[PDB]
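**Student:** Sharing a structure with you now.
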Amino acid sequence: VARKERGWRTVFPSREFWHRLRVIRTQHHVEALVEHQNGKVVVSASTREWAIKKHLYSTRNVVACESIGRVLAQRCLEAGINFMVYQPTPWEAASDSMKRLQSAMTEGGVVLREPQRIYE
Amino acid sequence: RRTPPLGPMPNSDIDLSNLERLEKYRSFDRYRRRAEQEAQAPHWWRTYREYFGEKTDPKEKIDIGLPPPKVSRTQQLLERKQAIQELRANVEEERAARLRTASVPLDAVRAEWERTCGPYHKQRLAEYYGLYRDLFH
Amino acid sequence: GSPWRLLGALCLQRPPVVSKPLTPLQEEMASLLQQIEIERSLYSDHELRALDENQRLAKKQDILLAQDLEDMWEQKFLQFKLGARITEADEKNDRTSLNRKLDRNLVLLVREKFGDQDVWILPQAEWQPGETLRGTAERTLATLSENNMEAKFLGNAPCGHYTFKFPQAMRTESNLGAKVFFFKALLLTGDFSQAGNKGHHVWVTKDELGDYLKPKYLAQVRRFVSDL
Amino acid sequence: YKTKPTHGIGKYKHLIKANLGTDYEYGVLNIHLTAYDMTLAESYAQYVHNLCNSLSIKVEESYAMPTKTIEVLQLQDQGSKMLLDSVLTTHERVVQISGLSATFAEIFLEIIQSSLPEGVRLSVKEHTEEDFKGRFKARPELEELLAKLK
Amino acid sequence: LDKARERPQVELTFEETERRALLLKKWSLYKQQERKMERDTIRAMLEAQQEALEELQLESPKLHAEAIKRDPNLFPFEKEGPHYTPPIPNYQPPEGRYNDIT
Amino acid sequence: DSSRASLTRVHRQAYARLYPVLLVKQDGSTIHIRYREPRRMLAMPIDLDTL
RNA sequence: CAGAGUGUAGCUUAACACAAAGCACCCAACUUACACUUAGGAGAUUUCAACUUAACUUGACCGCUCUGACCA
């Protein structure tokens, strides 16, 4: 029943959500964030973290993206958040690493569609 | 009637005499990154975060926690770099990485995180849930 | 005018006429590229002819066969003789003849007697008013003894400099020291005569340039001389 | 708003653009590469383009011209008739650059001639008298030119 | 357009693919090193020419100006690629002629 | 470095197989090219007009 | 050879620690080519010690730039 920040139809991305998943793919590292719409960040999963560096061969490949997705899905399941949104550009959506991240989230149980607001 | 701006113009620093010499964005991702970095900066005009973003007291958030432990960054980095050196030397790990079929131990990574980066993530999550606001005032 | 004397020098350069020997890893590169070409290409007319001949012979009028043509072409190849990359100048380390080190670039050096001691330096010429440094370089090319050369000149700005001072012998108020400016050129064709070979000039590469050059002069020259 | 101090914050076309040869730099230059191996010719052309991008020199455009097919004819053994032997194709790749310093022109020429592969011929010259500039104008550019004219 | 000129596709073995991957990943480093060498050598040549030009400007403004002035002799230039073997000074090929087909 | 881009491949979707062959110029110099036929050694003739 | 100055792979007033970060840069894929995009790679705290986190404060050592010395 919480009101979503509707609008922003002329700009990208839309802000009509409660939780947003953001992926930052840098030259050396890959980060994933789950954050609220008001600005606060809920959970993080970054390749700079040692507990995954010690088992990750390379932080800038499909394996790294898959590991980040699985770890973030587990962290979100433990934190209690289940539903989010994903707003990628078409090219990064077609990118193979991101679709494997989506598969990792789905197998971990995170749903990337939020329930519609109950107005009445 | 014109009134001088109260602050620097957003594009005042960029020269325009040699705009053809200036390198362009040439891509949407670079423009998006620069745009979000700029939006994350304070401004002297009215902005969305002024009306909708939460306001925090200027005083620093007071800490009551246990004092941070000390650790030898040089030794830690040396051990980590030799560990990743042997990990990359392992050909089977490299072959799994190139075939995109390698898997990581979730229990091991979580157990190591609980000792390395667990406290800060838990503090951030509690702050997001607002416990530090309701209790402790 | 000024106590520093002005000399314009020329660095005569001949590029390799043949490509450098291929590194084994680059040979592997070529092998893989050709393998990909074979795997991804369509059948050529020669291979189509060979396949048709093989099928017709298996089932059973072409006098000449594809393999026969290949063998004849191989015989023509073994009959023909190619250019010898290794020459008598290479065998003798003839640092004066042009037919040494066809794989790598060569630089000219000349001998001058300064301070009762022969010094290996580039050809130089004093600068005169009303004449460009490239004009002085052309005059130095003419001053070179019994040489018939044609050199390609690129640009007008200097390619480097070397400054020296007199060793307290000729150091005067009017003549304190000197500076020389270097200009690069490309040799199309030409040669020196046979009258003076050992005592006049030598042609050497960047690696052994330091054997003849002073450390300071070499440090200045290596900034613009390359080994590509 | 115009009266408010934030006037003009929304302007964006002043950041967007609306040849004469100097006495120190060359206006327009053309590098033409001739080769009987089209793959090598285009590879060296793209290498030159990448080097130009690295050296931050403007490239007007890179294109190619139609291939000229020159057949090789040989004289037969013990005869006087000319018979076809092989067919050769001459591929030409042209790169048009602008804004090259005279001081840096020698450096660029030296590096390209040192990196020139086997069997490829380079020709770097002006190509300015034949610049008819007869190109098909796009709609927005032609409309802007018409607005300027009227 | 005919499919008779098409060839059967020979399957690649696992060791072959592994060797391909390793050679590619070392080719990347080899070409990076070559590009680094070219970058540093051109930077060194540019710095040397700049220092020579500034020394010339210090020596004499007039010679500096006439050196920085462009040259009209340049840019008819043509260069031909090196050959695999040196040319044969003694060689008389048979007679021939060329034709153009468009 | 002349060998900067001397080792390349054909960037075409449809083409016929080529072979490593040598072209001999007027002065005898040999250059590596690719030809449809397996003629390893080929030499250009001299022209009647250029006499 | 002496007197001053400097120190993170190319750059950075990056580095509170949880961590040596961002960008450019190199290769392959598309493209005549460029560019975008996708998929891959290489990387750095110059070295010793100081009650100790210490690339960060102090020394010695080491490596560079500038000026005097030497100077064809």
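Quick note on naming: the chains in the structure tokens go A, B, ... in the order shown, residues restart at 1 in each chain, and ligands are numbered from 1 in order of appearance.
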Could you work out which residues of chain D fall inside 8 Å of chain F? Count only C-alpha atoms, and format the result as a ChimeraX atom specification.

**Tutor:** /D:36-37,39-40,43-44,47,72-74,114-119

**Student:** Keeping only C-alpha atoms, take the residues you just selected and write them out as a short mmCIF file (atom, residue, chain, number, x, y, z; two decimals), in the first residue's frame.

**Tutor:**
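Output (part_8.cif):
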data_model
loop_
_atom_site.label_atom_id
_atom_site.label_comp_id
_atom_site.auth_asym_id
_atom_site.auth_seq_id
_atom_site.Cartn_x
_atom_site.Cartn_y
_atom_site.Cartn_z
CA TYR D 36 47.36 -6.31 -54.45
CA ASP D 37 46.38 -7.82 -51.07
CA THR D 39 43.31 -7.67 -46.49
CA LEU D 40 46.77 -6.23 -45.85
CA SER D 43 44.61 -3.73 -42.11
CA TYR D 44 47.26 -1.05 -42.61
CA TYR D 47 46.18 0.74 -38.26
CA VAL D 72 48.74 -10.55 -66.43
CA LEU D 73 49.42 -11.90 -69.93
CA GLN D 74 52.46 -14.02 -70.78
CA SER D 114 58.86 2.43 -40.80
CA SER D 115 55.67 0.48 -40.08
CA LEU D 116 54.75 0.09 -43.77
CA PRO D 117 54.24 -3.65 -44.47
CA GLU D 118 55.48 -5.56 -47.50
CA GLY D 119 53.89 -5.02 -50.89
#

**Student:** Compile a residue-level contact table for chain G against chain C at a cut-off of 10 Å, reporting for every qualifying residue the shortest atom pair and its distance in Å to one decimal, with only C-alpha atoms (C1' of nucleotides) counted, rows ordered by chain and ascending number, as CSV.

**Tutor:**
residue,atom,partner,partner_atom,distance
G:70,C1',C:167,CA,9.3
G:71,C1',C:165,CA,5.6
G:72,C1',C:114,CA,6.1

**Student:** For a test of reading the model, state the distance in Å between atom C1' of residue 20 of chain G and atom CA of residue 40 of chain B, rounded to one decimal.

**Tutor:**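 These atoms are spaced 25.2 Å apart.
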
**Student:** Counting only C-alpha atoms (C1' of nucleotides), which residues of chain B sit at most 12 Å from some atom of chain G, and what is each one's closest atom pair with its distance in Å to one decimal, listed by chain and rising residue number, as CSV?

**Tutor:**
residue,atom,partner,partner_atom,distance
B:24,CA,G:35,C1',11.2
B:25,CA,G:36,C1',10.7
B:26,CA,G:35,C1',7.3
B:27,CA,G:36,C1',6.2
B:28,CA,G:36,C1',8.7
B:29,CA,G:36,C1',9.8
B:30,CA,G:23,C1',10.9
B:33,CA,G:22,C1',11.8
B:68,CA,G:17,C1',9.7
B:69,CA,G:53,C1',10.2
B:70,CA,G:53,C1',6.9
B:71,CA,G:53,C1',7.3
B:72,CA,G:53,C1',7.2
B:73,CA,G:53,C1',7.9
B:74,CA,G:54,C1',9.6
B:76,CA,G:19,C1',11.0
B:77,CA,G:20,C1',8.2
B:78,CA,G:20,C1',10.9
B:80,CA,G:20,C1',11.3
B:81,CA,G:20,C1',10.6
B:97,CA,G:40,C1',11.0
B:98,CA,G:40,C1',8.9
B:99,CA,G:39,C1',11.9
B:100,CA,G:39,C1',11.5
B:112,CA,G:18,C1',11.8
B:113,CA,G:18,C1',9.2
B:114,CA,G:18,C1',10.8
B:115,CA,G:18,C1',9.8
B:116,CA,G:18,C1',6.3
B:117,CA,G:18,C1',4.7
B:118,CA,G:18,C1',8.2
B:119,CA,G:18,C1',8.6
B:120,CA,G:18,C1',7.0
B:121,CA,G:18,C1',8.8
B:122,CA,G:18,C1',11.7
B:123,CA,G:18,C1',12.0

**Student:** Could you give me, as a Markdown table, every chain A residue with an atom at most 9 Å from chain B, plus its closest atom pair and distance in Å to one decimal, counting only C-alpha atoms, rows ordered by chain then number?

**Tutor:**
| residue | atom | partner | partner_atom | distance |
| --- | --- | --- | --- | --- |
| A:36 | CA | B:128 | CA | 8.9 |
| A:38 | CA | B:53 | CA | 6.4 |
| A:39 | CA | B:53 | CA | 7.4 |
| A:40 | CA | B:128 | CA | 6.7 |
| A:41 | CA | B:128 | CA | 7.5 |
| A:42 | CA | B:125 | CA | 5.9 |
| A:43 | CA | B:121 | CA | 7.1 |
| A:44 | CA | B:121 | CA | 7.8 |
| A:49 | CA | B:117 | CA | 7.8 |
| A:50 | CA | B:116 | CA | 7.8 |
| A:51 | CA | B:109 | CA | 4.8 |
| A:52 | CA | B:109 | CA | 5.9 |
| A:53 | CA | B:84 | CA | 7.7 |
| A:54 | CA | B:84 | CA | 6.4 |
| A:55 | CA | B:104 | CA | 6.2 |
| A:56 | CA | B:104 | CA | 7.3 |
| A:57 | CA | B:88 | CA | 5.9 |
| A:58 | CA | B:97 | CA | 7.6 |
| A:61 | CA | B:97 | CA | 7.9 |
| A:62 | CA | B:100 | CA | 6.0 |
| A:63 | CA | B:100 | CA | 5.3 |
| A:64 | CA | B:97 | CA | 8.7 |
| A:66 | CA | B:103 | CA | 8.4 |
| A:67 | CA | B:104 | CA | 6.6 |
| A:70 | CA | B:106 | CA | 8.2 |
| A:71 | CA | B:106 | CA | 7.0 |
| A:74 | CA | B:106 | CA | 8.5 |
| A:75 | CA | B:110 | CA | 8.8 |
| A:79 | CA | B:125 | CA | 8.2 |

**Student:** Residues of chain E within 6 Å of chain D, counting only C-alpha atoms - could you list those as an MDAnalysis selection string?

**Tutor:** chainID E and resid 69:70 75:76 78:83 95:101

**Student:** Please produce a file of those selected residues containing N, CA, C and O atoms, as a compact mmCIF listing (two decimals), in the first residue's frame.

**Tutor:**
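To be explicit, this is the file written out as out.txt:
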# COMPACT_ATOMS: atom_id res chain seq x y z
N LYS E 69 58.57 27.45 -40.35
CA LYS E 69 57.84 27.66 -41.59
C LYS E 69 57.69 26.35 -42.35
O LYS E 69 58.62 25.54 -42.40
N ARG E 70 56.51 26.14 -42.94
CA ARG E 70 56.25 24.92 -43.68
C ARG E 70 57.15 24.83 -44.91
O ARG E 70 57.74 25.82 -45.36
N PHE E 75 55.22 16.33 -49.51
CA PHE E 75 53.94 15.74 -49.92
C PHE E 75 53.69 15.63 -51.42
O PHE E 75 52.56 15.87 -51.87
N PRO E 76 54.68 15.27 -52.24
CA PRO E 76 54.43 14.30 -53.32
C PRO E 76 54.85 12.89 -52.95
O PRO E 76 54.78 12.00 -53.81
N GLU E 78 56.04 9.21 -51.97
CA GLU E 78 55.52 7.86 -52.11
C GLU E 78 56.55 6.89 -51.56
O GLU E 78 57.76 7.10 -51.70
N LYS E 79 56.08 5.84 -50.89
CA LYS E 79 56.95 4.81 -50.35
C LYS E 79 56.39 3.44 -50.68
O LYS E 79 55.18 3.21 -50.59
N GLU E 80 57.28 2.53 -51.08
CA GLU E 80 56.91 1.18 -51.44
C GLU E 80 57.37 0.21 -50.36
O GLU E 80 58.46 0.37 -49.80
N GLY E 81 56.53 -0.78 -50.06
CA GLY E 81 56.83 -1.74 -49.03
C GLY E 81 58.04 -2.58 -49.36
O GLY E 81 58.39 -2.78 -50.52
N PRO E 82 58.71 -3.09 -48.32
CA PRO E 82 59.88 -3.94 -48.55
C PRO E 82 59.49 -5.26 -49.21
O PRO E 82 58.34 -5.70 -49.15
N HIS E 83 60.47 -5.88 -49.85
CA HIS E 83 60.28 -7.18 -50.48
C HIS E 83 60.77 -8.29 -49.56
O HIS E 83 61.51 -8.05 -48.60
N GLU E 95 58.25 -11.50 -72.36
CA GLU E 95 57.42 -10.36 -72.72
C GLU E 95 55.98 -10.56 -72.23
O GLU E 95 55.53 -11.68 -72.00
N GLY E 96 55.27 -9.45 -72.07
CA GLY E 96 53.90 -9.50 -71.60
C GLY E 96 53.19 -8.18 -71.81
O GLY E 96 53.77 -7.20 -72.27
N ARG E 97 51.90 -8.19 -71.46
CA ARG E 97 51.06 -7.01 -71.57
C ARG E 97 49.94 -7.12 -70.54
O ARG E 97 49.69 -8.20 -69.99
N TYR E 98 49.29 -5.99 -70.26
CA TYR E 98 48.25 -5.92 -69.25
C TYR E 98 46.93 -5.49 -69.88
O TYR E 98 46.90 -4.83 -70.93
N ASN E 99 45.83 -5.86 -69.22
CA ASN E 99 44.49 -5.53 -69.68
C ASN E 99 43.65 -5.09 -68.49
O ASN E 99 43.93 -5.44 -67.34
N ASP E 100 42.62 -4.29 -68.77
CA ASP E 100 41.68 -3.83 -67.76
C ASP E 100 40.29 -4.35 -68.09
O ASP E 100 39.83 -4.22 -69.23
N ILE E 101 39.63 -4.93 -67.10
CA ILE E 101 38.26 -5.41 -67.23
C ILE E 101 37.42 -4.74 -66.15
O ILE E 101 37.78 -4.77 -64.97

**Student:** Run DSSP on the backbone of this structure and report the residues of segment 46-210 of chain C it assigns to strand (DSSP E or B), as a ChimeraX atom specification.

**Tutor:** /C:106-113,118-121,124-126,147-153,160-165,177-192,201-204
